[PDB]
Every structure is written in structure tokens, then in C-alpha cells.
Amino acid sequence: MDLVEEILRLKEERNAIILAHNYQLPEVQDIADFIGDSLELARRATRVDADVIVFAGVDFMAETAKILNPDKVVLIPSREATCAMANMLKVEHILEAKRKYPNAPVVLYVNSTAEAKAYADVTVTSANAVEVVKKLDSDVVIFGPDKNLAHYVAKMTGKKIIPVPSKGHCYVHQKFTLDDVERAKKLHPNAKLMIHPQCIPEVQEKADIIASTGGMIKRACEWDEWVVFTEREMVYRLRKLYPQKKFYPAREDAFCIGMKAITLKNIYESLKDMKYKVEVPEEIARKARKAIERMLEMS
């Protein structure tokens, strides 16, 4: 079967757009209308003229698109496409930190449930986390859920960061160790290292550039040979964007299972049956909308 043909005709007949993340399968990225990191996906979700949004990504990404487009239909092709790090942060975690630090603003990674965003003062992505926290008036900030990004933000802003929870992390990026850095410099001595801020601090210290996947794309021009310390599919995105550069994955087992829950087949089935509809309750969506919008205007 030619899934590509059927997906494109059905998408066009339903006035739908496909938004994919850089971690999506190569066959998914090839049919996507727009590809970017979480921040670029959020800003693209504010200029959607289509009636239907098919989100080739994880659940928190689709919910963010739904919060920014309550009048539109937002479809996620599989409800198992979830983010392990996002689900580590609970509402009770935030309430506990707000009781312990009443005058500290709550700054949440976009990788978070919609219910968690309802208690956040402003959201952040990997590309704008430092800029937003630096622009906050308070010197003590409640931050979550990713502990490794919190370390990078504390280093780059000089703020006192209260991490919530204590062990919040992404298992995909925590696979990278110092041994991978030493191996990369040995097998590619002329390459430079682009490392995601969700990696452990000791790995971040060895990086040439620390950035989100969007920041990796904007700064890939500074060199011609890169070892990429992030999810595996990002290397495909970089290789196709820059056919005359060299990119190597730091680990071939650094793949996100939740991201690969999206396939070409369930995208077709998503457009065929208008499923699965992403819904956010009004009270939760309204409070989260203010934090997401504040992020958009602060970055």
C-alpha cells in the first residue's frame, strides 16, 4: 500500500496539517507539513489556518497545540505517544513547592501535563529556558520537571533553582555518559559535540554547543562535522537539512519509544476516523494558556 499518497489526499480533503517533532521517524518527517522543536511547534500552532491539526509527537505536545487552538480539532495518532519525563511531575509536587516557597514563581518545562501547567506561572522549552528565567524578577525559581535542564538554567542564570521533583529526568538523554564523549572524540577527533541540555551535567560540560534540537539546527553552520548527543532521529533531520555536512549519533540506542509510537499507518488511520481527539478541560486549559502565552511573549 502507498500510505503516503493516501495520507496526503486525506489530509488535504479534511483541511488538516501535520506537525511533527524532530524525533519522529524518517517516513513521518517526510510527509510532515512542518518540523521543529517544541518551541517552534508551539509558535507554529499560533498561525494554523487549517481546521484540523494532526500532531506527530507526544501527548504534551498535542495538548499544547490544543490549548493554543481550542476551536480546532487536534488529533494524536496514538494515545501511547507519551513523554516519560513529563509524567514524573505531579500536581502535589508543585503544591508542596509553592507551600515551601510562596514567593517563588513556578516555571515548568513544556514537557509537562496540562494539569501541571495550570499551576505554572510560565512555561519554558530547551531553547528559551535560560532567557525566560533570567527575565524573572525573583532570584529563587521553582523549576521542573527535568533535573538536568534545571542544572543548565542555574548555571546560565545565577538563580536559585528548586527542582520539582527531585529525580525528574529523561531516560533517553541520560543514556549518554562520559565514556560516549571520550569515544566520540576518539572515533571523530575533528568533530565537534552538540549536546542537549537534558543530558547529565558532566556530559553537558564536554559540549561544544548546548542547545535544543532547534538550536542544533541554527548553529550547525559553525562546523562541518558534528557528533549529536540527543535522540536518534534528530541525526536524520540534520543529515537531510545539511547534505554536505557530517553528523554522527553518539549512541545508536538513544531512541524515544513514545515518539516512535507514531507511525505512518496510524497517521492514516488518524485522518480516516478523526482520532484521537485531544481535549483539555476548560479550567485546566485556561490556566495553562496564560503560562504558555507568557512564555511566547517573554521569548
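The first residue of the sequence shown is number 1, and the count goes up from there.
Between 71-79 and 94-102, it is 94-102 that carries the larger average Cα temperature factor according to the deposited entry. For the segment pair 53-61 and 269-277, the entry gives 269-277 the higher mean B-factor, averaged over Cα atoms. Of the candidates 215, 163, 189, 197, the deposited coordinates give 189 the top C-alpha B factor.
Comparing C-alpha B-factors across 148, 128, 138, 123 in the deposited entry, the largest value falls on 138. Among the modelled residues of its chain, residue 169 has a C-alpha B-factor that falls in the lowest third according to the deposited record. Among all modelled residues in this chain, the alpha-carbon of residue 284 has a temperature factor (C-alpha) in the highest third. When the modelled residues of the chain are ordered by their C-alpha B factor, residue 116 lands in the middle third. Among the modelled residues of its chain, residue 258 has a C-alpha B-factor that falls in the lowest third according to the deposited record. Ranked by Cα temperature factor within the chain, residue 249 sits in the middle third according to the deposited record.
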